[PDB]
Amino acid sequence: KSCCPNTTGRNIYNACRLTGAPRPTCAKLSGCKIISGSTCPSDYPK
């Protein structure tokens, strides 16, 4: 699962991936957290 902190970031993340970029990169570019669990951490509610 690819969660995110701020709403703004979540948006940029989608765009990055929409182009064909990897999860990791986009996660660091926008600021989204990449985990395995099926839930979002308190830190990244978005």
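I will try to describe carefully the structure that is included in this document.

Proteins that are soluble and globular tend to have nonpolar side chains buried together. Counting residues in each nonpolar core, the largest one holds 7 residues, listed as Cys4, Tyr13, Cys16, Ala21, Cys26, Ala27 and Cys32. Excluding its chain neighbours within four sequence positions, the residues that come into contact with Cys16 are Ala21, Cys26 and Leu29.

As a further point, take helix α1 (residues 7-19). Among all positions in α1, only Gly9, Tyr13 and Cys16 are buried. Seen end-on, α1 carries its buried residues on one side only, within an arc spanning 65°. Residues of α1 that are exposed and point over 90 degrees away from its buried face: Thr7, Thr8, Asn11 and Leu18. Residues of α1 that are buried in the fold lie against β1 (2-3), α2 (23-31) and β2 (33-34). Following α1 by one or two positions, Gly20 adopts a phi angle in the positive range, close to 120°.

A few words now on the state of the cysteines. One pass over the structure, following the stated rule, counts 3 disulfides. Sulfur-sulfur distance for the disulfide between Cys4 and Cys32 comes to 1.9 Å. Its torsion about the S-S bond being 95°, the disulfide of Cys4 and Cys32 is classed as right-handed. Here the residue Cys4 occupies a position in the loop between β1 and α1, and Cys32 occupies one in the loop between α2 and β2, the gap between them amounting to 28 residues. Residue class for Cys32 comes out buried when judged on its relative accessible area of 5%.

Calculation rules
Residues numbered from 1 in each chain as written, not as in the entry; some residues may be left out. Heavy atoms only, no water. Core = buried A, V, L, I, M, F, W, Y, C linked by side-chain atoms within 4.5 Å. Buried < 20%, exposed > 50% of the residue type's maximum accessible area, 1.4 Å probe, protein only. Contact = heavy atoms within 4.5 Å. Helix = DSSP H or I, 4+ residues; strand = E, 2+ residues; numbered from the N terminus. Arc of directions from axis to C-beta. Disulfide = S-S within 2.5 Å.

Fair warning: the whole summary comes from geometry, so function is off the table for now.
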